[PDB]
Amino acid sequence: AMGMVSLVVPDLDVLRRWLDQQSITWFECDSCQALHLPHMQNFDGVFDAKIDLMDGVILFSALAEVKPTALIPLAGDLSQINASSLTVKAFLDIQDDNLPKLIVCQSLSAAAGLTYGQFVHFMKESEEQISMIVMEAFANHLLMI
């Protein structure tokens, strides 16, 4: 037992405040509704990272660009990567016009309510699990800079 709490169903404004509470800086696309997190670019391989809220689910995602020569090998390793974390998911986003991306993300289901403490844990856990995947891909020479 940790006691009684009262749960909140957050909107994006609650999330801005809860991020401000933790001293986590966020920035905000002209082109999207995600809260972008500049500190995540400190991890080798990370080009962008953000918090989205959609259909009752908070998502924390990082994006890295993949070298063309590593794309087939990385696609073959996706099972092992997803199996390697209890909480983080990984997949490729491939377009004809861009460099292929590796998306690495964790969700927190919010529609039933959350405490602030649960959000904080999620931010900490996600950052740690995400950066592990992405740094290991970088160190294996799979990513551009």
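Residue numbers run from 1 along the displayed sequence.
Looking at 98-106 and 81-89 together, the entry lists the larger mean B-factor for 98-106, computed on C-alpha atoms.
Mean CA B-factor, 107-115 versus 45-53: the higher value falls on 45-53. Ranked within its chain, residue 21 lands in the highest third, by CA B factor from the PDB record. Annotation for residue 40: CA B-factor lies in the highest third of the chain's modelled residues.
Among the modelled residues of the chain, residue 29 sits in the highest third by CA temperature factor in this PDB entry.
In the deposited entry, the Cα temperature factor of residue 12 places it in the highest third of its chain's modelled residues. In the PDB entry, residue 66 places in the middle third of its chain by CA B-factor.
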